[PDB]
Amino acid sequence: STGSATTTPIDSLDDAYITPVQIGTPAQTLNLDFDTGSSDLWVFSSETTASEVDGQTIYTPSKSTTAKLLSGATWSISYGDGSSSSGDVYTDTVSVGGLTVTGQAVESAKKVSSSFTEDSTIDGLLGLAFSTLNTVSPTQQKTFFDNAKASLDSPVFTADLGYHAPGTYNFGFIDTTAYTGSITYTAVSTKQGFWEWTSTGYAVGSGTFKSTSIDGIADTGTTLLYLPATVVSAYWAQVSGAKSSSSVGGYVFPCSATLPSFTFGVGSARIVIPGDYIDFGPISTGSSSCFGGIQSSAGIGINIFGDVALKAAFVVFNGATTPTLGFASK
């Protein structure tokens with residue numbers, strides 16, 4: 001089997017991407033944030049504290065003839081951005097782009113943190129990291145991909161995120177029309193539960209390539225590119241007037257600037273992030289100070305190849321017995 005679904009930016013800045021997901025019988029379609037940096041599929045629901053729901057579409061398990069309470073199971077998750085959610089668990093039928101999993105754990109939120117409430121466009125998350133990170137207790141549950149894997153034509157999914165435009169998540173096949181040149185594959189460590197890999201270096205604009213190993217995670221659920229402070233300083237030094245602002249919470253730059261590109265290495269291959277992808281717009285409405293899309297990972301504890309990086313590539317998440325990651329230009 002295979003599946004193919006369009007993913008759409010939630011706003012004009014590509015702050016996140018939502019993908020429609022069918023849950024239950026009859027189908028209830030919710031728009032979920034596909035997140036390769038976590039491993040829970042959780043949704044706003046009829047069980048979510050009423051004051052914490054503000055415009056989201058909810059899953060109502062009592063209206064699904066295939067929903068079953070997973071007795072005694074609870075979940076609770078906290079993300080790197082400080083947000084969180086928790087609740088109980090149902091199993092139900094879940095379909096993405098024509099690919100169906102029966103008996104998928106659907107984690108129903110009883111509580112969500114304010115950032116979730118405040119984002120009316122995201123109805124929940126669909127985790128695509130390794131199932132070892134799943135938070136369900138006392139019986140850990142599998143991700144949608146892990147459940148689907150054996151049925152797929154090939155044990156892979158691909159992320160093809162757009163810049164200020166829709167893109168595609170495919171399951172079970174590689175669309176050879178969706179990228180240019182060849183796909184370069186690179187090793188993955190699953191030791192921390194992530195799609196963790198090592199970039200071979202970077203360049204800023206038309207500058208020379210610096211060969212240096214940068215360990216990080218491919219994370220569709222993180223907006224920006226978080227890299228070591230040395231790398232990030234070298235980038236922003238090429239933008240007149242750019243500075244790190246403790247009050248704003250990272251590097252800002254004059255909105256009048258033209259940003260240089262940023263290149264990252266994948267083995268001997270190179271992925272170029274155009275400068276415009278690094279612009280996240282005014283820090284506040286009407287401001288001439290703009291927020292940068294490349295930020296320091298210092299104090300996160302891990303480097304994160306988030307959407308800023310991934311949307312410059314066609315990315316293969318290869319879930320073979322020994323997982324790997326592939327990157328192509330597009």
# chains A, B, ... in the order shown; residues from 1 in each chain; ligands from 1
>>> closest_atom_pairs(of="stretch 68-173 of chain A", to="stretch 14-30 of chain A", cutoff="7 Å", atoms="only C-alpha atoms", output="CSV")
residue,atom,partner,partner_atom,distance
A:92,CA,A:24,CA,5.6
A:93,CA,A:24,CA,5.1
A:94,CA,A:23,CA,4.6
A:95,CA,A:22,CA,5.0
A:96,CA,A:21,CA,5.2
A:122,CA,A:18,CA,6.7
A:123,CA,A:30,CA,5.9
A:164,CA,A:14,CA,6.1
>>> select_by_dssp(residues="stretch 30-126 of chain A", states="alpha helix (DSSP H)", output="NGL selection string")
:A and (114-118)
>>> residues_around(residues="stretch 309-325 of chain A", least_positions_apart="3", cutoff="7 Å", atoms="only C-alpha atoms", output="JSON, numbers by chain")
{"A": [155, 156, 157, 158, 159, 160, 161, 162, 163, 179, 185, 186, 187, 188, 225, 271, 272, 273, 305, 306, 328, 329, 330]}
>>> residues_around(residues="stretch 59-75 of chain A", least_positions_apart="5", cutoff="12 Å", atoms="only C-alpha atoms", output="PyMOL selection string")
chain A and resi 21-32+39-48+53+84-94+101-112+123-124+133-141
>>> residues_around(residues="stretch 236-242 of chain A", least_positions_apart="5", cutoff="7 Å", atoms="only C-alpha atoms", output="VMD selection string")
chain A and resid 251 to 254 259
>>> atom_distance(atom1="atom CA of residue A:327", atom2="atom CA of residue A:183")
5.3 Å
>>> residues_around(residues="residue A:207", least_positions_apart="4", cutoff="12 Å", atoms="only C-alpha atoms", output="PDB file with N, CA, C and O atoms, in the first residue's frame")
ATOM      1  N   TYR A 202      28.936  23.366   6.261  1.00  0.00           N
ATOM      2  CA  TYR A 202      28.066  24.457   5.848  1.00  0.00           C
ATOM      3  C   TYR A 202      28.827  25.513   5.061  1.00  0.00           C
ATOM      4  O   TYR A 202      30.061  25.613   5.120  1.00  0.00           O
ATOM      5  N   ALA A 203      28.063  26.317   4.330  1.00  0.00           N
ATOM      6  CA  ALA A 203      28.582  27.548   3.734  1.00  0.00           C
ATOM      7  C   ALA A 203      27.560  28.662   3.933  1.00  0.00           C
ATOM      8  O   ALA A 203      26.356  28.403   4.053  1.00  0.00           O
ATOM      9  N   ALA A 234      28.539  33.063  12.335  1.00  0.00           N
ATOM     10  CA  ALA A 234      29.139  33.227  11.017  1.00  0.00           C
ATOM     11  C   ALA A 234      28.103  33.607   9.966  1.00  0.00           C
ATOM     12  O   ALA A 234      28.408  34.372   9.060  1.00  0.00           O
ATOM     13  N   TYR A 235      26.893  33.056  10.063  1.00  0.00           N
ATOM     14  CA  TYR A 235      25.823  33.427   9.145  1.00  0.00           C
ATOM     15  C   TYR A 235      25.424  34.899   9.332  1.00  0.00           C
ATOM     16  O   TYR A 235      25.445  35.698   8.382  1.00  0.00           O
ATOM     17  N   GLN A 238      27.185  38.151   8.174  1.00  0.00           N
ATOM     18  CA  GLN A 238      27.099  38.572   6.777  1.00  0.00           C
ATOM     19  C   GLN A 238      25.867  39.427   6.485  1.00  0.00           C
ATOM     20  O   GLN A 238      25.631  39.781   5.339  1.00  0.00           O
ATOM     21  N   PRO A 260      21.617  36.352   2.816  1.00  0.00           N
ATOM     22  CA  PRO A 260      22.363  35.360   2.042  1.00  0.00           C
ATOM     23  C   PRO A 260      21.766  33.957   2.207  1.00  0.00           C
ATOM     24  O   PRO A 260      21.077  33.659   3.187  1.00  0.00           O
ATOM     25  N   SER A 261      22.039  33.079   1.252  1.00  0.00           N
ATOM     26  CA  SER A 261      21.675  31.678   1.383  1.00  0.00           C
ATOM     27  C   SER A 261      22.512  31.006   2.465  1.00  0.00           C
ATOM     28  O   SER A 261      23.514  31.544   2.937  1.00  0.00           O
ATOM     29  N   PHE A 262      22.100  29.791   2.816  1.00  0.00           N
ATOM     30  CA  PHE A 262      22.842  28.959   3.751  1.00  0.00           C
ATOM     31  C   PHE A 262      22.870  27.557   3.162  1.00  0.00           C
ATOM     32  O   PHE A 262      21.810  27.004   2.841  1.00  0.00           O
ATOM     33  N   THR A 263      24.058  26.974   3.034  1.00  0.00           N
ATOM     34  CA  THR A 263      24.210  25.629   2.496  1.00  0.00           C
ATOM     35  C   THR A 263      24.560  24.658   3.615  1.00  0.00           C
ATOM     36  O   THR A 263      25.434  24.969   4.434  1.00  0.00           O
TER      37      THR A 263
END
